[PDB]
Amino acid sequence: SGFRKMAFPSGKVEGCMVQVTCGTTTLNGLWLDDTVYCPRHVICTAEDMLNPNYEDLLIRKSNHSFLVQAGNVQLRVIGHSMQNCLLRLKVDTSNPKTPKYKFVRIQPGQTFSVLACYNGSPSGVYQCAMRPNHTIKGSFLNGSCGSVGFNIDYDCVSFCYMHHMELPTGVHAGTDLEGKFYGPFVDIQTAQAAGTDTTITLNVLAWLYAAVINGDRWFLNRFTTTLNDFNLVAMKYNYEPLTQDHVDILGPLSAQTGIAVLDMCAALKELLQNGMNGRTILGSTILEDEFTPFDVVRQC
């Protein structure tokens, strides 16, 4: 019993973290086989950042402009190239701790584990959701660029996020491991806004199932609804529409608890319309939207 934010074990990813320095900037990189990936902004000076022409900045650099350190071992840079908003540095040593891995582009609403690193050194691990507005609500400080987000399936690490920046609102923006930003952002030091966020309805419902699996039942009722009248109320409270595909995804949880999806939906409508009246669900007064159905099943 019990239900916690739970990250994947981070060892496989820890063995890939290195330190990358260019001039006086030090930030993290990811060392897979004979390649190190890091934010290309590592090459910018204070002035360059404002309005960088990265192709111009990079052609001016050479292999010895980059220092890569793996623990206290220097790795020799023998090649460099641009990979959208990442640099790809080729090193003379293949990482012997390279796990089975792939690069995935995470979708809105999906979760991943973040390994926050400073100076090439892992510092903490936590779960985050890709927000509908293509930001993550992380916890990152200066020096954390290059920190990665990942999931694990069996043996295989699926890297999905590399951290670039914090927006003014205090949320975070970064790239996939092909170097393409999530969302409308650019790697310039200018104020950028994200779109208006919305709540991840599928995840809220999953969490409500988790609550029931853990014995929190007060918010259940016998009121029911159709998918359409649920959606009308969702829209009013800035919740994502719920689709039949989403309903289907909740099938196993629904079968496990004996609570039909639309009946839980009726439970959520009531929670949205009248609040909680001083009570908690899994210890929270907030409707939690960063556990997916999969995170619920895997844990409960």
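One-based numbering along the sequence shown.
The deposited model assigns a higher average Cα B-factor to 75 to 83 than to the other stretch when 114 to 122 and 75 to 83 are compared. Relative to one another, 35 to 43 and 64 to 72 have unequal mean CA B-factors, and 64 to 72 is the one with the higher figure.
Each of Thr292, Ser10, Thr25, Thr285 has a CA temperature factor in the record; the biggest one is found at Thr25. As recorded in the entry, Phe223 carries the highest CA temperature factor of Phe185, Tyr161, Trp207, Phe223.
Per-chain ranking of the deposited C-alpha B factor places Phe230 in the highest third. Sort the chain's modelled residues by C-alpha temperature factor and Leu50 lands in the highest third, per the entry. When the modelled residues of the chain are ordered by C-alpha B-factor, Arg298 sits in the highest third.
Ranked within its chain, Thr169 lands in the middle third, by CA B factor from the PDB record. Per-chain ranking of the deposited C-alpha B factor places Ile213 in the middle third.
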